[PDB]
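If you want the building blocks of each chain, they are given just below.
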Amino acid sequence: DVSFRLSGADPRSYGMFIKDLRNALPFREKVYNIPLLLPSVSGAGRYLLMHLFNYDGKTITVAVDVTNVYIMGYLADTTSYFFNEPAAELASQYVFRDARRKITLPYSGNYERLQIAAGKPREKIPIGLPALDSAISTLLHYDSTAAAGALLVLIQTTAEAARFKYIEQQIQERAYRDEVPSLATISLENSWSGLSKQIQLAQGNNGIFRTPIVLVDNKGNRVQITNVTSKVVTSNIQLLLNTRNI
Ligand SMILES: Nc1ncnc2c1ncn2[C@@H]1O[C@@H]2COP(=O)(O)O[C@H]2[C@H]1O
């Protein structure tokens, strides 16, 4: 398992949590020095448990699929909650079995579906460590509209920070003050599957992307990624989605 406590949290302790989260995801190889997530994991081993504590020390446990860093569902006290999608229904056979009741949320975990349920797109929802405190508090007691927003904060401050060093550093900048995600943050979230695919294809194409990827850089400017010498490949991306799952 991995844990993060908002009480006494600082940029350093958040960084240690994101390092713990990356290190809990299995890999058999690295592609251009980036861990390659597994094509498949059978049984309960597919799911990592993340224990998150708000400023007041109240806790949820979040189940994460270790093949793709997707959040499946979470446990709050004696109630489990799962996304309305087949991967999450399967997860509910293995995690949080001892919950008194299991609620299926009225949405999948897709960003587009969560944004419709929340009533706002990601670009308008402030993120940061205070926002994550609020999200844990929201998820402790069922409210499906509030939960959608809280889940968009939770996904970006955990899974997306695990995937990209830049996003980890953006949340560190928001340790004591929330701010809507940067243009580069949204670009990277949207591009993870595409970048993962092109980096794996670059093995066999001399490090050259078969299809260049258009991103937004840390200054808000267009950058076209053509090959593995790009900063996004050498420094930023931390995990690759296996091409078998694309
Ligand atoms: N259970 C989930 N199902 C689908 N997407 C999820 C889930 N949990 C978190 N996400 C995020 O929603 C996003 C939608 O497709 P993405 O390529 O952007 O990557 C995904 C994940 O980062």
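Here the numbering of residues is sequential along each chain, from 1 in written sequence order, and it may depart from the entry's numbering. Residues without coordinates do not appear. Side-chain metrics in this entry use all non-hydrogen atoms of the structure; hydrogen atoms and water are not considered.

Its PDB header names X-ray crystallography as the technique used to obtain the model and reports a resolution of 1.331 Å.

**Describing the pairing of strand β6 (residues 70–76)**
Worth spelling out the cut-off: Relative accessibility thresholds used throughout: buried, under 20% of the residue-type maximum; exposed, over 50%; partly exposed, between the two (1.4 Å probe, protein chains only). A run of H or I in DSSP becomes a helix once it reaches four residues, and a run of E becomes a strand once it reaches two; helices and strands are each numbered from the N terminus. Should DSSP find at least two bridges between two strands, the strands are regarded as paired.
The buried count for β6 comes to 5 of 7 residues, which makes it a mostly enclosed element. As judged from the 5 bridges shared by strand β5 (residues 59–65) and β6, these two strands associate in the antiparallel manner. Looking across to β6, one finds that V62 is bridged to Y74. Between β5 and the antiparallel strand that follows it, β6, lie 4 residues; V69 among them carries a positive phi value of about 60 degrees. Inspection of the sheet shows β6 paired to strand β7 (residues 79–82) by 4 bridges, in the antiparallel sense. Opposite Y74, over in β7, you have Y81 as the bridge partner. Turn length for the β6-β7 hairpin, with the two strands adjacent in sequence and antiparallel, is 2 residues, and the turn residue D77 shows positive phi of about 60 degrees.

**Re the site of the ligand**
Worth spelling out the cut-off: Whether a residue is near a molecule or strand depends on its heavy atoms: it is near if one of them lies within 4 Å of it. Pairs of N or O atoms within 3.5 Å make up the polar contacts considered here, provided that, within protein, one atom can donate a hydrogen while the other can accept it, and that residues adjacent in sequence are counted only when both atoms are side-chain atoms. Accessible areas in this description were obtained via Shrake-Rupley with a 1.4 Å probe; residue shielding takes into account the shown protein chains only. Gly counts as polar in this scheme, as do all residues outside two lists: the nonpolar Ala, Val, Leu, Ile, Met, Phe, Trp, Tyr, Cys and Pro, and the charged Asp, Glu, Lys and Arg.
With respect to spatial proximity, the complete set of residues near the ligand consists of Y70, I71, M72, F83, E85, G109, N110, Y111, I155, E160, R163 and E189. With respect to the ligand, the backbone of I71 contributes an N or O atom lying 2.7 Å from a nitrogen atom. Here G109 contributes a backbone N or O atom positioned 3.3 Å from a nitrogen atom of the ligand. Compared with its free state, where it exposes 450 Å², the ligand has 86% of that area covered by protein. Listing elements by their share of the shell around the ligand, those giving two or more residues are β6 and α5 (144–163). Grouping the constituent residues of the shell around the ligand by class yields 6 nonpolar, 2 polar and 4 charged.

**Quick notes on the UniProt feature "active site" in the protein chain**
Basically, it comes down to this: UniProt positions are given in the numbering used here, feature names are shortened, and annotations may be inferred rather than shown by experiment. Residues count as neighbours in contact if any of their non-hydrogen atoms are within 4.5 Å of one another.
According to UniProt, the positions carrying the feature "active site" are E160. Considering the arrangement of structural elements, one finds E160 in helix α5. Classification of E160 by relative accessible area gives buried; the value is 2%. Beyond its immediate stretch of four places on either side in the chain, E160 contacts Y111, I155, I167 and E189.

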